[PDB]
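Asks: Residue numbers (the authors' numbering), protein chains in the order written: chain B, 593 to 787; chain C, 592 to 787; chain A, 594 to 787. Below are the structure tokens for one structure; questions will follow.
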Ligand SMILES: [Hg+2]
Ligand SMILES: [Hg+2]
Ligand SMILES: [Hg+2]
């Protein structure tokens, strides 16, 4: 009565209630707190902290920077591999995630905000299908290189699967004489909604 | 003065007795008196496990397509995951048709999906380039035809955005030779239509 | 003698009205509401491509450029289109201020989803505030013309600092085709939007 509300705040004299007006397609209320409808979350390898990946059961290794960007219900997966050995024929890199929480078991990953800071969010938003019966494989063209010099044009396979209640992303690069040094990216869908 | 206080981001001004929300204008804004984002993310996509059936020109070759169209800022990221059963030979033409005023996919069912998983009641105009119909964005993208998780071909896929008869078209021209049309591809384009 | 509807809350202990928000998605920044992971796009303006020169040659190209910040990731996308038929490798170079991020090569703007220009210093496009280690790489591309296939080939990218300025240097290798291609890559920005 003896105060007013500037938009987006509103007062209703009928029920004596102060409210926040918001556009529902962009923002929403979640357990009584304001949230976004389509927030951006990134589960990534930390700054300057690549993950060490093993080629199958061999004692061949590579350093990987990984970003997993959630927008809407899409996950954009991006990996920047860099091995020191000149590999074999096909090589198999495997990321393993907890099937309930999404936490990377293979190596250290963090939910990072735009502030730079680590967010206290369980990374379930990277999991496809809450039901563990997922299909999705595919190929992507890549370029093996070294010291900023072109080596090969070739391809990289990807596959998403569940085994023993754990989510796997399995990449199959096919080099021949070159080292496994390449960036690749793909998109997939997460049925798990962000609450 | 007042018999109450305001924690940030709420503020009280004792001069005009008014409660406000303080917000950073580059990130948030007010739109018809309601709070909104400056650069919201919207996705117009094929529904979960509900691919769209596309036909290759007038031929009896078909393909199932999952499609995502992600709006950030004024950029649209278009992603398609095709999978055909016939082995095509030569170039094949897949064509998506959208309403030129509303953006609604006429070719098959698509929905605006939020990050919650829920369908949003939003007209998909945010996927339209150039308000009113003189667009000429085309390009090529390299792809990999495959089958049963086994490598077939490295090849290319053309894309073109056009208007015809007040309708927005996205036309993809994959050039396989012996392989089935099975590939993911993605490109970015601009939408002049602001989300205001 | 008033109530608060969620997400507004009243605490009778300290007589204080608050906004409840989920901290992973929203936050307070100098007392104002903001996003945790806002989307910012530093781009060439609508219908305003940037004119790029191939080294010291009198060969030019028009480039549309988007630099999309999500979290701490920058997605870089360029759509080049030249009129000359180059032969051999060609070098396109984008130059940005190393402290502010402002494109020195040509006009770029922070554009919101509304279409409007945002008054934001484009520091969010800068990788590593003190030079460091990463981001040279290659990406496969397709040279074309008039919507007709020319070449499958490759494009190099490199992020470097020289004289306190951030450079993005693309090295397309055509051999008779015009330089007409889209390419995109991702990199990390240590500079937090705070
Ligand atoms: Hg690979
Ligand atoms: Hg195609
Ligand atoms: Hg290039």
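Think of the CB as a built atom: it goes at the ideal place given N, C-alpha and C, for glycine as much as any other residue.
1) Cβ closer than 8 Å: which chain A residues qualify as neighbours of residue 612 of chain B?
2) Roughly how many angstroms separate the alpha carbons of residue 759 of chain C and residue 627 of chain C, rounded to a whole number?
3) What residues of chain B sit near residue 704 of chain C, judged by a beta carbon separation below 8 Å?
4) Assuming contact is defined by CB atoms lying nearer than 9 Å, are residue 774 of chain B and residue 765 of chain B in contact in what I supplied?
5) So does residue 774 of chain B have its beta carbon nearer than 8 Å to some heavy atom of ligand 1?
6) Which residues mark the beginning and the end of the beta strand (DSSP E) in which residue 724 of chain B is found?
7) Keeping to the same chain, check which residues put their C-beta closer than 6 Å to that of residue 724 of chain C; ignore five residues upstream and five downstream.
8) Using 8 Å for Cβ pairs, my map puts residue 636 of chain C next to residue 659 of chain C. What's the rounded Cβ distance?
9) Out of curiosity, what's the CA-to-CA distance linking residue 730 of chain B and residue 750 of chain B?
10) Give the DSSP bridge partners of residue 761 of chain B, in chain order.
11) Output the distance between the C-alpha atoms of residue 665 of chain A and residue 728 of chain A, rounded to the nearest integer angstrom.
12) Assuming residue 704 of chain A and residue 710 of chain A make a contact with CB atoms under 8 Å, what is their CB distance in whole Å?
13) Under a CB-based cut-off of 9 Å, is residue 699 of chain B close to chain A?
14) Taking residue 715 of chain A as the query, report the chain B residues whose CB atoms sit under 8 Å from its CB, ordered along the chain.
15) Under 8 Å from any heavy atom of ligand 2, does the C-beta of residue 658 of chain C make it?
16) Whose C-alpha, out of C/718, C/771, C/602, C/662, is nearest the C-alpha of residue 744 of chain C?
17) My guess is that residue 620 of chain A and residue 609 of chain A are in contact by the Cβ rule of under 8 Å, so how many angstroms apart are they, rounded?
18) Is the CB-CB distance between residue 790 of chain B and residue 719 of chain B below 9 Å?
19) Measuring alpha carbon to alpha carbon, tell me which residue in B/604, B/686, B/717, B/662 is nearest residue 752 of chain B.
20) Which residues in chain C sit within 8 Å of residue 785 of chain A, going by Cβ to Cβ distance?
21) For ligand 3, list every residue whose C-beta falls under 5 Å from any of its heavy atoms, going in chain order.
22) Thinking just about the alpha-carbon of each residue, which of C/747, C/735, C/663, C/615 is nearest to the one in residue 741 of chain A?
23) Compare the C-beta of residue 723 of chain B against all C-beta atoms of chain A and say whether one is closer than 9 Å.
24) Just checking: is the beta-carbon of residue 733 of chain A within a distance shorter than 9 Å of some beta-carbon in chain B?
Replies: If we stick to the structure as given:
1) 598, 600, 601, 612
2) 28 Å
3) 664, 665
4) yes
5) yes
6) That residue, residue 724 of chain B, is in no beta strand (DSSP E); it is neither H nor E in DSSP.
7) 754
8) 5 Å
9) 5 Å
10) B/687, B/752
11) 15 Å
12) 6 Å
13) no
14) Near residue 715 of chain A there are no residues of chain B at all, since even the closest Cβ is about 14 Å away, more than 8 Å.
15) no
16) C/771
17) Actually they do not touch by this definition, with Cβ atoms about 19 Å apart.
18) Residue coverage of chain B in this structure runs from 593 to 787, which leaves residue 790 of chain B outside it and unanswerable.
19) B/686
20) The contacting residues do not exist; residue 785 of chain A stays about 14 Å from chain C at best.
21) A/748, A/763, A/765
22) C/747
23) no
24) yes
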